[PDB]
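1. how would this look folded up:
(one chain, ligands or ions: 7)
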Amino acid sequence: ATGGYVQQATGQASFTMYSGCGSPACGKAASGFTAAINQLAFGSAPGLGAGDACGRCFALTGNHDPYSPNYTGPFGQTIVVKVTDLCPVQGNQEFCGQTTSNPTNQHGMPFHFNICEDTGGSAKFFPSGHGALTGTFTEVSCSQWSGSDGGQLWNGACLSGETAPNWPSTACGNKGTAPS
Ligand SMILES: OC[C@H]1O[C@@H](O[C@H]2[C@H](O)[C@@H](O)[C@H](O[C@H]3[C@H](O)[C@@H](O)[C@H](O[C@H]4[C@H](O)[C@@H](O)[C@H](O[C@H]5[C@H](O)[C@@H](O)[C@@H](O)O[C@@H]5CO)O[C@@H]4CO)O[C@@H]3CO)O[C@@H]2CO)[C@H](O)[C@@H](O)[C@@H]1O
Ligand SMILES: OC[C@H]1O[C@@H](O[C@H]2[C@H](O)[C@@H](O)[C@H](O[C@H]3[C@H](O)[C@@H](O)[C@H](O[C@H]4[C@H](O)[C@@H](O)[C@H](O[C@H]5[C@H](O)[C@@H](O)[C@H](O)O[C@@H]5CO)O[C@@H]4CO)O[C@@H]3CO)O[C@@H]2CO)[C@H](O)[C@@H](O)[C@@H]1O
Ligand SMILES: CC(CCO)CCO
Ligand SMILES: CC(CCO)CCO
Ligand SMILES: CC(CCO)CCO
Ligand SMILES: CC(CCO)CCO
Ligand SMILES: CC(CCO)CCO
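-> Numbering: from 1, shown residues only. Ligands and ions are numbered 1, 2, ... in the order given. Below is the structure:
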């Protein structure tokens, strides 16, 4: 893929929650559930704007708590998020530190979704007392996602993944070079 980013429609991921996604890396926020995806999958770097993950919708399913591996539920609900943001390698190595040298994070996962609290996704996805999970993701039509996109924050903002074909088909396009 352009830039050496690692971008696939379905796979295994870890999951955490974060807040403050009103000025996200794609340059448009959204009112439905949203997430940041790890940098290696996002397709950009801090400051460079939108990458090719932008606007794509994914069904996320948490099925394991790696910090308490004998917990077997209840988990949260499967949710559909729209990717609006970038979870950078910097400062977030445990979960978002996938790079060309180390394509899996500390939980052995090649992808990570950081689900934004601001529009409620994390409240549905994480059971009380279990704020970090592993499980699966699958790219789905954004017709399965509920919400509306926000206005552009800056020129070149992009959420065109919302109607593009599944990865590895492209949409917004990658910027720069994959983290190494
Ligand atoms: O006018 C000059 C030129 O501007 C071009 O637009 C600029 C724009 O001015 C600038 O504001 C914009 O900045 C983006 C930046 O590109 C993007 O990487 C950044 O993404 C952040 C995001 O806001 C955070 O939510 C996210 O938080 C993470 C935490 O940092 C992390 O610790 C962890 O908790 O995980 C969080 C995410 O889960 O970090 C992201 C990555 O840093 O957002 C900025 C604000 O939107 O950049 C654009 C593009 O360069 C314009 O295109 C051009 O035409 C014009 O001439
Ligand atoms: O960088 C990405 C993103 O991170 C967000 O912050 C994350 C952070 O990165 C994670 O490390 C953190 O993970 C914590 C879990 O949310 C939390 O549920 C888990 O709690 C454990 C607890 O530590 C553990 O000791 C406890 O064990 C109990 C057993 O389960 C019981 O059976 C037994 O009886 O008793 C023991 C002792 O109590 O289990 C629980 C559940 O597993 O701890 C993790 C480590 O602290 O999650 C954060 C939120 O997602 C950050 O918000 C974002 O800004 C950032 O972008
Ligand atoms: C203002 C939020 C969306 C409201 O629907 C953006 C994330 O903070
Ligand atoms: C200089 C940045 C914007 C600061 O608001 C973008 C490039 O990192
Ligand atoms: C405000 C929460 C639910 C609204 O019904 C999340 C949406 O931001
Ligand atoms: C990137 C925005 C930050 C808002 O807090 C400014 C440009 O719209
Ligand atoms: C950028 C487009 C993908 C082209 O196949 C999306 C059109 O909305």
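
2. mind listing what the nearest residue to residue 26 once chain neighbours are set aside touches?
-> Nearest residue to residue 26, sequence neighbours excluded (C-beta to C-beta, 6 or more residues apart in numbering): residue 54, at 3.8 Å. Every residue, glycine included, has its C-beta placed from N, CA and C. Residue 54 sits next to 25-26, 42-43, 83-84, 158-161, 171-172 when contact means C-beta atoms under 8 Å, 6 or more residues apart in numbering.

3. can you check residue 109 too?
-> In this structure, residue 109 makes contact with 12-14, 98, 134, judged by C-beta under 8 Å, 6+ apart.

4. now it: how far from residue 152?
-> Distance from residue 109 to residue 152, counting by C-beta to C-beta, to the nearest Å: 32 Å.

5. Residue 131 now?
-> Distance, residue 131 to residue 152, using C-beta to C-beta: 32 Å.

6. Residue 138 too?
-> Taking C-beta to C-beta, one finds residue 138 at 28 Å from residue 152.

7. quick one: which of the contacts of residue 109 has the most company?
-> Each of these was scored by neighbour count (other C-beta atoms under 10 Å); the top score is that of residue 14, with 27 neighbours.

8. That one: which element?
-> With the criterion set as DSSP states H and E, the secondary-structure element containing residue 14 is strand 10-18.

9. quick one: is that strand near ligand 3?
-> No - counting by C-beta under 6 Å from any ligand atom, no contacts exist between strand 10-18 and ligand 3, the nearest distance being 11.0 Å.

10. just use 424 as the starting number from now, easier for me
-> With the count now opening at 424, the last piece we talked about shows up as strand 433-441.

11. What strands line up against that strand, and which way round?
-> strand 534-539 (parallel), strand 556-563 (antiparallel) (DSSP bridges).

12. and the angle from the host helix or strand of residue 507 to strand 534-539?
-> If you go by DSSP H and E, residue 507 is part of strand 502-510. For strand 502-510 and strand 534-539, the angle between their directions (axes from the mean of the first three to the mean of the last three C-alpha atoms, to 10 degrees) works out to 100 degrees.

13. Can you name the two of the contacts of residue 532 that sit furthest apart?
-> The most widely separated members of the contacts of residue 532 are 521 and 557, with 13.7 Å between them, by C-beta to C-beta.

14. quick one: secondary structure of the residue most central in space within the chain?
-> Here the mean C-alpha position of the chain is nearest to the C-alpha of residue 460 (C-alpha atoms, centre = their mean), at a distance of 2.6 Å. The assignment at residue 460 comes out as strand when based on DSSP: H, G, I helix; E, B strand; the rest coil.
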